[PDB]
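Below is one structure, written out as structure tokens; comments come after it.
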Amino acid sequence: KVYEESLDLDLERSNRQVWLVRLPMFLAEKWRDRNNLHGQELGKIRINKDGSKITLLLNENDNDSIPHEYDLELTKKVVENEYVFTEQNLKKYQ
Amino acid sequence: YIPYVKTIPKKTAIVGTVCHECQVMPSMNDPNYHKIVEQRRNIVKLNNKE
Amino acid sequence: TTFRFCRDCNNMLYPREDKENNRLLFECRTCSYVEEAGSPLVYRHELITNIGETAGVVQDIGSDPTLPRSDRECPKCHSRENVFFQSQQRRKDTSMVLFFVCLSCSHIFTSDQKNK
Amino acid sequence: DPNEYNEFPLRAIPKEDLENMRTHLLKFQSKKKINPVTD
Ligand SMILES: [Zn+2]
Ligand SMILES: [Zn+2]
């Protein structure tokens with residue numbers, strides 16, 4: 001009666017690939033801001049057919065102030081024992 | 001056993017698993033390159049205190 | 001001496017004796033995990049130790065400007081450039097033998113003519 | 001450059017669902033493989 005929602009952990013979205021990426025100061029200062037990030041396209045990710053090389057191409061919205069091309073260095077090709085989990089409040093009435 | 005533990009329930013869910021770890025580094029062959037270097041150099045040059 | 005570590009909890013595996021087979025088995029003290037030992041050695045006390053003689057050799061040892069240079073020939077690549085340093089063991093019981101590191105192949109040899 | 005690669009669009013998540021919701025990183029500390037789906 002206190003909570004109207006299931007308290008068990010949800011595994012529905014567990015089967016979802018995720019990439020952990022560390023960004024520089026200039027790039028991280030604009031992508032982590034909550035006054036932005038409305039769903040617009042920030043760029044494109046290009047992967048070679050044979051792999052082993054990943055690059056990022058941003059759009060022309062940077063105001064020609066930062067490089068438009070970046071190299072995504074895969075620090076760990078195989079990663080285990082890492083997961084992404086969220087949390088939010090529960091309904092309190094009934 | 002112990003009859004009380006004082007838990008705090010919350011709505012949690014797994015929204016993905018990490019498979020690749022990446023490090024973003026700007027390409028050295030870009031026309032805008034060497035502008036970040038000046039920006040980085042300005043970090044040490046700055047003197048916030050007065 | 002090799003210190004094997006547990007597979008299930010990472011704890012070190014101490015030696016244990018099984019009288020049923022009279023063999024050497026390494027077992028965990030907390031999670032009851034067993035493994036057959038590959039060697040019969042259990043303790044290695046080294047009163048006179050030769051370890052650490054060449055400790056600190058890296059891929060760019062030659063870049064150190066303080067290390068002296070020598071013209072002795074490396075007996076693996078026929079090179080004349082090398083840097084030499086005395087034994088790194090600080091106990092006052094070691095000889096003044098040198099150890100030469102070649103700048104062309106990263107090979108370590110000694111100038112000693114007694115034991116080599 | 002020749003089209004010898006595969007490129008996909010990169011778009012931001014809508015902010016309407018990011019309010020009152022936080023995403024954290026979970027790191028299992030162990031030498032084995034842990035999978036909550038099966039293990
Ligand atoms: Zn164990
Ligand atoms: Zn040599």
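Convention: chains lettered A, B, ... in structure tokens order; per-chain residue numbering from 1; ligands numbered from 1 as shown.
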
What residues in chain D have any atom no more than 10 Å from chain B when counting only C-alpha atoms, and can you write them as a PyMOL selection string? chain D and resi 21-27+35-36

Residues within 6 Å of ligand 2, counting only C-alpha atoms and all ligand atoms: report them as a PyMOL selection string. chain C and resi 74+76-77+79+102+104-105+107

Please produce, as CSV, a per-residue contact table for chain C versus ligand 1 (criterion: any atom at most 7 Å away, only C-alpha atoms and all ligand atoms considered), showing the nearest atom pair and its distance in Å to one decimal, sorted by chain then residue number.
residue,atom,partner,partner_atom_place_in_ligand_line,distance
C:6,CA,ligand 1,1 (Zn),4.6
C:7,CA,ligand 1,1 (Zn),6.4
C:8,CA,ligand 1,1 (Zn),5.2
C:9,CA,ligand 1,1 (Zn),4.4
C:10,CA,ligand 1,1 (Zn),6.0
C:11,CA,ligand 1,1 (Zn),5.1
C:28,CA,ligand 1,1 (Zn),4.7
C:29,CA,ligand 1,1 (Zn),6.8
C:30,CA,ligand 1,1 (Zn),5.7
C:31,CA,ligand 1,1 (Zn),4.5
C:32,CA,ligand 1,1 (Zn),6.2
C:33,CA,ligand 1,1 (Zn),5.5

Figure out the distance between CA of residue 18 in chain C and CA of residue 43 in chain C, please, to one decimal in Å.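 Interatomic distance here is 18.9 Å.
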
Can I get the residues of chain A within 7 Å of chain D, each with the closest pair of atoms and their distance in Å to one decimal, using only C-alpha atoms, sorted chain first then ascending number, as a tab-separated table?
residue	atom	partner	partner_atom	distance
A:37	CA	D:12	CA	6.0
A:38	CA	D:14	CA	5.3
A:39	CA	D:12	CA	4.1
A:40	CA	D:12	CA	5.6
A:41	CA	D:11	CA	4.1
A:42	CA	D:11	CA	5.9
A:43	CA	D:10	CA	5.4
A:44	CA	D:9	CA	4.7
A:45	CA	D:7	CA	5.5
A:46	CA	D:7	CA	4.0
A:47	CA	D:6	CA	5.3
A:48	CA	D:5	CA	4.1
A:49	CA	D:5	CA	4.5
A:80	CA	D:33	CA	6.5
A:81	CA	D:28	CA	4.9
A:82	CA	D:27	CA	4.7
A:83	CA	D:26	CA	4.9
A:84	CA	D:25	CA	4.6
A:85	CA	D:24	CA	5.4
A:86	CA	D:23	CA	4.3
A:87	CA	D:22	CA	5.9
A:88	CA	D:21	CA	5.3

Those residues you just picked out, can you put them in a file as a PDB file, in the first residue's frame with C-alpha atoms?
ATOM      1  CA  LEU A  37      21.058  18.846 -25.091  1.00  0.00           C
ATOM      2  CA  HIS A  38      17.522  19.143 -26.464  1.00  0.00           C
ATOM      3  CA  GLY A  39      17.936  16.162 -28.805  1.00  0.00           C
ATOM      4  CA  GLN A  40      19.696  17.852 -31.725  1.00  0.00           C
ATOM      5  CA  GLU A  41      22.297  16.067 -33.852  1.00  0.00           C
ATOM      6  CA  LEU A  42      25.741  16.878 -32.444  1.00  0.00           C
ATOM      7  CA  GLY A  43      27.611  15.010 -35.187  1.00  0.00           C
ATOM      8  CA  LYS A  44      28.215  11.596 -36.710  1.00  0.00           C
ATOM      9  CA  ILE A  45      30.273   8.538 -35.766  1.00  0.00           C
ATOM     10  CA  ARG A  46      32.248   6.857 -38.555  1.00  0.00           C
ATOM     11  CA  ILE A  47      33.588   3.299 -38.276  1.00  0.00           C
ATOM     12  CA  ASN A  48      35.858   1.677 -40.845  1.00  0.00           C
ATOM     13  CA  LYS A  49      34.549  -1.458 -42.529  1.00  0.00           C
ATOM     14  CA  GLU A  80      33.333  -6.747 -18.417  1.00  0.00           C
ATOM     15  CA  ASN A  81      31.853  -6.180 -14.956  1.00  0.00           C
ATOM     16  CA  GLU A  82      30.566  -2.730 -15.969  1.00  0.00           C
ATOM     17  CA  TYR A  83      26.923  -1.655 -16.102  1.00  0.00           C
ATOM     18  CA  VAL A  84      24.779   1.483 -16.223  1.00  0.00           C
ATOM     19  CA  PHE A  85      21.911   1.828 -13.741  1.00  0.00           C
ATOM     20  CA  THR A  86      19.435   4.638 -13.078  1.00  0.00           C
ATOM     21  CA  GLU A  87      17.292   5.557 -10.087  1.00  0.00           C
ATOM     22  CA  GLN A  88      14.168   7.645  -9.530  1.00  0.00           C
TER      23      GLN A  88
END

For chain B, report every residue with an atom at most 10 Å from chain A (counting only C-alpha atoms), formatted as number ranges by chain. B: 9-36, 39-40

Shell around residue 115 in chain C at 12 Å using only C-alpha atoms, local window under 4 positions removed, as a VMD selection string: chain C and resid 95 97 110 to 111

If we count only C-alpha atoms and set the cut-off at 9 Å, which residues sit around range 44-53 of chain C, ignoring sequence neighbours fewer than 5 positions away in its own chain? Please answer as a PyMOL selection string. chain C and resi 1+86-89+99

Atoms to include: C-alpha atoms. Write the selected residues as a PDB file, in the first residue's frame.
ATOM      1  CA  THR C   1      58.638 -19.201  -5.146  1.00  0.00           C
ATOM      2  CA  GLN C  86      77.187  -0.528 -10.414  1.00  0.00           C
ATOM      3  CA  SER C  87      75.028  -3.050  -8.585  1.00  0.00           C
ATOM      4  CA  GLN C  88      71.875  -1.520  -7.115  1.00  0.00           C
ATOM      5  CA  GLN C  89      72.043  -3.646  -3.945  1.00  0.00           C
ATOM      6  CA  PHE C  99      76.467  -4.032 -15.678  1.00  0.00           C
TER       7      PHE C  99
END

If you run DSSP on the backbone, which residues of range 1-110 of chain C are strand (DSSP E or B), as a PyMOL selection string? chain C and resi 5+12+14-18+23-27+34-36+69-70+82-86+98-102+108-110

Could the residues in this selection be saved with N, CA and C atoms as an mmCIF file, in the first residue's frame?
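out30.cif, written as the output of this step:
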data_model
loop_
_atom_site.group_PDB
_atom_site.id
_atom_site.type_symbol
_atom_site.label_atom_id
_atom_site.label_comp_id
_atom_site.auth_asym_id
_atom_site.auth_seq_id
_atom_site.Cartn_x
_atom_site.Cartn_y
_atom_site.Cartn_z
ATOM 1 N N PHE C 5 47.023 -17.562 -6.406
ATOM 2 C CA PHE C 5 45.885 -16.847 -5.851
ATOM 3 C C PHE C 5 44.590 -17.537 -6.256
ATOM 4 N N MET C 12 45.001 -15.721 -1.412
ATOM 5 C CA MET C 12 46.156 -16.575 -1.644
ATOM 6 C C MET C 12 45.859 -18.005 -1.208
ATOM 7 N N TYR C 14 47.255 -21.364 0.296
ATOM 8 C CA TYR C 14 48.322 -21.973 1.070
ATOM 9 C C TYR C 14 48.407 -23.471 0.775
ATOM 10 N N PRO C 15 49.580 -24.075 0.956
ATOM 11 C CA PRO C 15 49.719 -25.507 0.673
ATOM 12 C C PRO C 15 49.016 -26.367 1.712
ATOM 13 N N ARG C 16 48.461 -27.484 1.245
ATOM 14 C CA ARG C 16 47.833 -28.467 2.113
ATOM 15 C C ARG C 16 48.203 -29.861 1.632
ATOM 16 N N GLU C 17 48.175 -30.815 2.556
ATOM 17 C CA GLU C 17 48.565 -32.193 2.291
ATOM 18 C C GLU C 17 47.333 -33.087 2.312
ATOM 19 N N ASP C 18 47.184 -33.911 1.277
ATOM 20 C CA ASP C 18 46.113 -34.899 1.193
ATOM 21 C C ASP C 18 46.737 -36.279 1.359
ATOM 22 N N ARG C 23 49.909 -36.138 -2.225
ATOM 23 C CA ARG C 23 50.275 -35.120 -3.200
ATOM 24 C C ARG C 23 50.187 -33.742 -2.549
ATOM 25 N N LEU C 24 50.594 -32.724 -3.301
ATOM 26 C CA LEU C 24 50.580 -31.345 -2.829
ATOM 27 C C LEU C 24 49.425 -30.601 -3.483
ATOM 28 N N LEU C 25 48.548 -30.033 -2.657
ATOM 29 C CA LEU C 25 47.398 -29.284 -3.140
ATOM 30 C C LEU C 25 47.356 -27.930 -2.454
ATOM 31 N N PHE C 26 47.035 -26.896 -3.225
ATOM 32 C CA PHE C 26 46.879 -25.543 -2.707
ATOM 33 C C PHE C 26 45.395 -25.283 -2.486
ATOM 34 N N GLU C 27 45.032 -24.911 -1.261
ATOM 35 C CA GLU C 27 43.643 -24.709 -0.887
ATOM 36 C C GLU C 27 43.449 -23.319 -0.297
ATOM 37 N N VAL C 34 40.304 -25.655 -4.184
ATOM 38 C CA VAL C 34 41.512 -26.469 -4.203
ATOM 39 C C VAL C 34 42.096 -26.471 -5.607
ATOM 40 N N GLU C 35 43.405 -26.705 -5.680
ATOM 41 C CA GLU C 35 44.105 -26.795 -6.953
ATOM 42 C C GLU C 35 45.376 -27.606 -6.747
ATOM 43 N N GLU C 36 45.719 -28.420 -7.742
ATOM 44 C CA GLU C 36 46.908 -29.258 -7.650
ATOM 45 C C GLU C 36 48.164 -28.416 -7.843
ATOM 46 N N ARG C 69 79.091 6.735 -20.075
ATOM 47 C CA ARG C 69 79.181 5.995 -21.324
ATOM 48 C C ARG C 69 80.480 5.196 -21.376
ATOM 49 N N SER C 70 80.490 4.180 -22.236
ATOM 50 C CA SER C 70 81.651 3.319 -22.403
ATOM 51 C C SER C 70 81.740 2.860 -23.850
ATOM 52 N N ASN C 82 77.069 2.141 -24.966
ATOM 53 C CA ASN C 82 76.429 1.486 -23.832
ATOM 54 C C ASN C 82 76.615 2.354 -22.597
ATOM 55 N N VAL C 83 75.753 2.128 -21.608
ATOM 56 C CA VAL C 83 75.810 2.809 -20.321
ATOM 57 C C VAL C 83 76.004 1.759 -19.238
ATOM 58 N N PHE C 84 76.862 2.061 -18.267
ATOM 59 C CA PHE C 84 77.197 1.118 -17.211
ATOM 60 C C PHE C 84 76.904 1.730 -15.850
ATOM 61 N N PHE C 85 76.459 0.880 -14.928
ATOM 62 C CA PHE C 85 76.155 1.295 -13.568
ATOM 63 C C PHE C 85 76.466 0.142 -12.627
ATOM 64 N N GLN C 86 76.843 0.483 -11.399
ATOM 65 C CA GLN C 86 77.187 -0.528 -10.414
ATOM 66 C C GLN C 86 75.929 -1.219 -9.894
ATOM 67 N N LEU C 98 80.359 -4.271 -12.731
ATOM 68 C CA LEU C 98 79.526 -3.382 -13.526
ATOM 69 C C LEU C 98 78.519 -4.177 -14.346
ATOM 70 N N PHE C 99 77.470 -3.481 -14.777
ATOM 71 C CA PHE C 99 76.467 -4.032 -15.678
ATOM 72 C C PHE C 99 76.251 -3.037 -16.807
ATOM 73 N N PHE C 100 76.468 -3.483 -18.040
ATOM 74 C CA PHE C 100 76.409 -2.627 -19.215
ATOM 75 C C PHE C 100 75.108 -2.878 -19.962
ATOM 76 N N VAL C 101 74.404 -1.800 -20.298
ATOM 77 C CA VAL C 101 73.163 -1.869 -21.061
ATOM 78 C C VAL C 101 73.433 -1.284 -22.438
ATOM 79 N N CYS C 102 73.158 -2.068 -23.475
ATOM 80 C CA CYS C 102 73.400 -1.629 -24.841
ATOM 81 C C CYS C 102 72.271 -0.725 -25.317
ATOM 82 N N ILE C 108 71.707 -6.684 -21.566
ATOM 83 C CA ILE C 108 72.442 -6.429 -20.333
ATOM 84 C C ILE C 108 73.510 -7.504 -20.191
ATOM 85 N N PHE C 109 74.764 -7.076 -20.070
ATOM 86 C CA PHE C 109 75.890 -7.969 -19.840
ATOM 87 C C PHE C 109 76.778 -7.366 -18.759
ATOM 88 N N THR C 110 77.764 -8.144 -18.318
ATOM 89 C CA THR C 110 78.646 -7.746 -17.232
ATOM 90 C C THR C 110 80.097 -7.887 -17.666
#

What is the CA of residue 1 in chain A-CA of residue 93 in chain A distance in Å, reported with one decimal?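 These atoms are spaced 7.6 Å apart.
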
So what do you get for CA of residue 13 in chain C versus CA of residue 37 in chain C, distance-wise?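 Computing it gives 10.1 Å between the two atoms.
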
Identify, on the basis of only C-alpha atoms, every residue whose closest approach to residue 58 in chain C does not exceed 10 Å; exclude the query and any residue fewer than 3 positions from it along the same chain; express the result as a list in words.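 After dropping sequence-adjacent residues, the list is residues 55, 61, 62, 63, 101 and 106 of chain C.
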
Okay, now the selection with N, CA, C and O atoms, as an mmCIF file, in the first residue's frame?
data_model
loop_
_atom_site.group_PDB
_atom_site.id
_atom_site.type_symbol
_atom_site.label_atom_id
_atom_site.label_comp_id
_atom_site.auth_asym_id
_atom_site.auth_seq_id
_atom_site.Cartn_x
_atom_site.Cartn_y
_atom_site.Cartn_z
ATOM 1 N N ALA C 55 67.990 -4.037 -11.383
ATOM 2 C CA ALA C 55 66.667 -3.449 -11.244
ATOM 3 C C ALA C 55 66.671 -2.003 -11.725
ATOM 4 O O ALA C 55 67.635 -1.261 -11.510
ATOM 5 N N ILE C 61 66.649 3.785 -20.818
ATOM 6 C CA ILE C 61 67.686 4.001 -19.814
ATOM 7 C C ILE C 61 68.793 4.883 -20.371
ATOM 8 O O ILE C 61 69.367 5.706 -19.645
ATOM 9 N N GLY C 62 69.113 4.735 -21.657
ATOM 10 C CA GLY C 62 70.164 5.537 -22.255
ATOM 11 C C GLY C 62 69.873 7.022 -22.264
ATOM 12 O O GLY C 62 70.808 7.824 -22.357
ATOM 13 N N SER C 63 68.600 7.409 -22.169
ATOM 14 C CA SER C 63 68.242 8.820 -22.153
ATOM 15 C C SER C 63 68.692 9.528 -20.884
ATOM 16 O O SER C 63 68.680 10.762 -20.848
ATOM 17 N N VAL C 101 74.404 -1.800 -20.298
ATOM 18 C CA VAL C 101 73.163 -1.869 -21.061
ATOM 19 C C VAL C 101 73.433 -1.284 -22.438
ATOM 20 O O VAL C 101 73.888 -0.140 -22.557
ATOM 21 N N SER C 106 69.238 -3.209 -26.132
ATOM 22 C CA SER C 106 68.696 -3.293 -24.777
ATOM 23 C C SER C 106 69.144 -4.569 -24.070
ATOM 24 O O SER C 106 68.436 -5.091 -23.206
#

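Secondary structure from DSSP on the backbone puts helix (DSSP H, G or I) at the following positions of chain B: residues 35, 36, 37, 38, 39, 40, 41, 42, 43, 44 and 45 of chain B.
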